[PDB]
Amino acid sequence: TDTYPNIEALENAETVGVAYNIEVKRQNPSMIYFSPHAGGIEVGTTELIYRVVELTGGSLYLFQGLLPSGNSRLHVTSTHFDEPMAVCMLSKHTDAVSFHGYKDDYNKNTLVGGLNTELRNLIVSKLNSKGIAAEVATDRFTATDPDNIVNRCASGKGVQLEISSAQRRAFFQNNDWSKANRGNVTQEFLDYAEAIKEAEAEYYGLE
């Protein structure tokens, strides 16, 4: 379970620019790619969001852990995640795609949920077509509730990706996710990020 019940409690106790930073680029009316668990909290979300944003021109938001270790204490689950700038950003966008990391060093997989079923299905379908393991979330991580930060975009229907630790390790050269090496990404990384852009494209193409 979390250390902080929400982000106020977190902010009250932690020092900004030492344990955590926040990054925002609002540059799109329609779509925002973001993570509440970026930097060291869930490793690889920052870099994947950067690439997806660089590919799409989507807006960006990242609440980032900066500690060399033990960023898990900076984890506030998405249903409780209330950083005010995040909430302001979400409300200013029709759509939202969130990026998460879950522990499974033994299987490469992505579990996609959220209330935006159409974009949810599309991302699933693009990842697969790049040979990247992906399925609709079921026991866990389904995110069909109205609290999950991702469904608090304007449409009230977001898409959550929960990416296994094995998979995120395979984004980086040498399967090594050390900070020093997070600039060195693999072909799978690139394909993953392109899959997201394609799915966003068709979505806005169907609509």
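In case it trips you up, residue 1 is the first one in the sequence shown, and so on.
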Between 177-185 and 57-65, which has the larger average Cα B-factor in the PDB entry?
-> 177-185
Of 134-142 and 35-43, the stretch with the higher mean C-alpha B-factor in the deposited entry is 134-142
For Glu23, return the chain-relative third of its C-alpha B-factor as stated in the PDB record: lowest, middle or highest.
-> lowest
Of the three thirds of the chain ranked by Cα temperature factor, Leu10 occupies the highest
Chain thirds of CA B-factor: placement of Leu127 = highest
Sorting the chain's modelled residues by C-alpha B-factor, tell me whether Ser78 ends up in the lowest, middle or highest third.
-> lowest
Cα B factor band for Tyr106 (lowest, middle or highest third within the chain) | highest
